[PDB]
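Using ideal geometry, Cβ is built from the backbone for each residue, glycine included, and neighbour counts are taken over all protein chains shown. Nothing in this text is a laboratory measurement; each read-out follows from the coordinates by a stated rule.
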Protein chains: 2
Amino acid sequence: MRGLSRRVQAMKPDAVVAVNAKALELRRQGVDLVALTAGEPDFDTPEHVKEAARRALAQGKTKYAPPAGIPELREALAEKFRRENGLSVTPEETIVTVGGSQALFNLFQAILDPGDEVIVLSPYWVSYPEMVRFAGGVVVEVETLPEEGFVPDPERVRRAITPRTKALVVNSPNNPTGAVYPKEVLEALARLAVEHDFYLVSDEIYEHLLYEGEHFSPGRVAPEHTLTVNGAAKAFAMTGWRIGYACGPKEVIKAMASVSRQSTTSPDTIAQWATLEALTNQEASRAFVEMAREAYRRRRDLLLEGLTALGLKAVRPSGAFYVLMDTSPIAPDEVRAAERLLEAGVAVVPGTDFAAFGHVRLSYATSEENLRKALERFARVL
Amino acid sequence: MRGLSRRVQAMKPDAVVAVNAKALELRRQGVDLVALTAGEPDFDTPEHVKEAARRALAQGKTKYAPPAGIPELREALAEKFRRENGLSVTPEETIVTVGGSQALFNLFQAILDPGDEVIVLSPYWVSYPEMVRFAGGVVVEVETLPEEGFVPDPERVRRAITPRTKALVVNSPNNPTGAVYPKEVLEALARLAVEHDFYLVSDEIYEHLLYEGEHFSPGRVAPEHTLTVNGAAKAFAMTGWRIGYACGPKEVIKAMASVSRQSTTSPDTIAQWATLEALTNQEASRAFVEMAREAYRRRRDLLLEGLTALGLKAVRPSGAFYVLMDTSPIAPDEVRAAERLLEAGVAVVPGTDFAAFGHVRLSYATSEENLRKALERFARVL
Ligand SMILES: Cc1ncc(COP(=O)(O)O)c(CN[C@@H](CC(=O)O)C(=O)O)c1O
Ligand SMILES: Cc1ncc(COP(=O)(O)O)c(CN[C@@H](CC(=O)O)C(=O)O)c1O
């Protein structure tokens, strides 16, 4: 008989997708509300990358591509993870997916049998649990503390390991805290995976938005259990392009390529060519990477000051582009504080779903003129 | 502990993906083998559509888009299904997905609880069962006969309806038979869905490659149970673009939008703008549609003749671009016949996986010069 399934019936809505829609419509019915919501640059994808997407169209590069992605993008990927991430993978252990989202979604479906446990460390990015659950798994969450700077303590984690525990999700830089996990913690979590036999998913998609610290890929350590998950969506202002990449054990890679086929067949072919240009033309991308990074650092400092100038508490991020801001003042909860703040003319994402209660998540990847126009409304409301 | 899941472990490989790879490498180890394998035009996506993808890049239209797709492409979609398909949907009941594949894959995950039954009519396109199974459902297949011209008989179907039966998959035009189901059969199958309360998935992606007959969208009939699934991949030579669309009950649409988000977030933003141009600039697309259709009809007739001239039996398709060709002569099975034929210098897809035993599936969407270079090898082998 008819009716929706119960796995798509049990999923919780995106807090981000929900807040955006809202913001938008008001921008439509009069309303000019500065929106510090979504995690996407304001910068437009570099010209050297665009030129190549035109060059792709021009050469009629519009046919189907392997479910695992074109052999070229695939090869440059084996040098990115290599040259940059220090990892040592051959192209067969590489895979192009439809965003960072696909590489995780395919990843969880290929290693999660119903009832398997996956340890997420809170606060976490809104999706991880929903993906881990849509696959049949169960969310075992380890807390990470503001007093500890949100960097995880491998003992609270080791403690969480059951015989069901199949995977552990680490994210450095971190959404929504901005925390950059230091080599040793990362190297520690890796050995837990090796010691208790489980996969370590490592979502290093903000590896480049690293203001202070060094970026360590845990995969260098546990190459047989680690599953690195990157993406060309943050580093190159390519959020609308929907290109992601990942790597790890050959074994689990082809399995992700299988789910890749039944679902999307393979990602855009024009977009894979453009992405290749971002990975191979170094001189031009490095120039852009650095350029963007500084505008982000500047915005961070500008925000973090003004926040502190109103006495609004928030932890200092060393990566990505989010600042978790305690709303204790504006209102009791994260919810109402957001409804208060939206009136003031500022769209923020409540940290209820990130397991960041009390706080609200704001993004400084937007204009400078805007962090300011927002910072002024906070004043009144404050 | 480690290891792959059992849902990605139980899936059978793509016969098409497998044959292609093969063909390629040989073209890639000396070998010039005419390949009538994949279902994709040789024509390159129209200029009016490409111009707009450049116009999109030019205006920096490269940010994230709603999981359900940009509101514009979404609105033109409510007029396509309306104006063209006679359906009556508002944009909320429209959805943009990553190809026709995604719209089905999201569709089966949103309405399939484990053990639910889905009736596929054989011969069917290679994926349907694989998707229906990856979701937990079970494949209950109704046969369609070459003597009946592959068009289904609603009684063998009515007969197959159990209390588990959740969905029924119809495909007109048909891959791999080319059969265009007549208004009344389609209108009948719809009433079974209404009578026994179940969803009718209708994969009308070749609606435009209709040489002889009229195209009926069953959704006009059972608007509450029908789930129309189209795609801009065949009509506009946009296979590499990966854009698909669908519509039906608001209820099931947002559920598909949910799975859409956790998996890909949303499709390419450049590509959604280009697609919009294909749907709104009529004068220019109709011109292309007709233009392509005739080159396809010509190739069909050219194939169907030469096939018959060698006494090779095959049914006459009135749609899409495949011809199911009985290999009884070349060899006993479909498998070996293909291995025989590959020697002759011709890549064909064995009909073992389409439930089209004895036959082999060949595509005439390729060059004319090629159907002929293939037709000559058949001779010798024959
Ligand atoms: C922590 C994390 N990991 C992966 C991704 C996915 O990248 P894409 O596939 O979507 O490009 C993201 C992405 N994004 C942001 C904004 C969003 O649209 O979800 C966020 O929620 O901060 C993140 O975080
Ligand atoms: C019957 C049918 N439905 C869906 C698709 C794929 O939709 P898109 O997402 O690629 O637009 C196809 C198309 N082509 C192939 C299958 C494949 O391997 O791509 C086929 O005809 O062999 C078809 O048929």
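Peptide packing for B:196-204, A:139-147, A:112-120, A:91-99 was compared via the average number of neighbouring C-beta atoms within 10 Å per residue; ordered from the highest value, the list is A:91-99, B:196-204, A:112-120, A:139-147.
The DSSP beta bridges internal to the protein assembly as shown are antiparallel in roughly 45% of cases. Peptide A:240-247 is shielded by partner chain Cβ atoms: per residue, an average of 5 of them sit within 10 Å of its Cβ.
The number of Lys pairs in chain B with C-alpha atoms less than 20 Å apart, excluding pairs fewer than 8 positions apart on the same chain, is 12.
Distance distribution P(r), the stretch B:63-281, all Cα-Cα pairs, bin width 10 angstrom from 0: 9, 37, 38, 15, 1, 0 percent.
Taking every Cα-Cα distance in chain B and sorting them into 10 Å bins starting at zero, the pair-distance distribution P(r) comes out as 5, 23, 32, 27, 12, 1, 0 percent. In angstrom, the C-alpha Rg and Dmax of the stretch B:257-382 are 19.0, 54. How many times 2.2 N^0.38 Å is the alpha carbon radius of gyration of the protein assembly as shown? Normalised by 2.2 N^0.38 Å, the Cα Rg of the protein assembly as shown equals 0.97.
The slack between B:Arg297 and B:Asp153, meaning 0.36 nm per residue of separation minus the straight C-alpha distance, is 49.1 nm. Put simply, the amide H of A:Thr94, placed in the peptide plane, has no neighbours under 5 Å, leaving out anything fewer than 5 places away on its chain. Measuring nothing but how far apart in sequence close Cα pairs (under 8 Å, 6+ apart) lie, relative to its length, chain B scores a relative contact order of 24 percent.
Scalar couplings 3J(HN,Hα) for the stretch B:9-16, obtained by applying the Karplus form with A = 6.51, B = -1.76, C = 1.60 to θ = phi - 60°, are 8, 8, 6, 7, x, 7, 6, 5 Hz; x denotes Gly and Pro. Each of A:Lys373 and A:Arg2 was given a label point 7 Å from its Cα along the Cα-to-Cβ line. The distance between the two points is 4.6 nm. Taking the Cα centre of the stretch A:136-249 as reference, the dipole from Cβ charges on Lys and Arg (+1) and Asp and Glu (-1) amounts to some 420 debye. Put the Cα centre of the stretch A:17-35 next to the Cα centre of the stretch A:190-249 and the gap is 33 Å. Annotation: amide H-H contacts under 5 Å for A:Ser122 (H modelled 1.01 Å from N, sequence separation of 5 or more, or interchain): A:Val142, A:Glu143, A:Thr144. The share of Cα pairs per 10 Å bin across the stretch B:74-184, counted from zero up to the longest distance, runs 13, 36, 38, 12, 0 percent.
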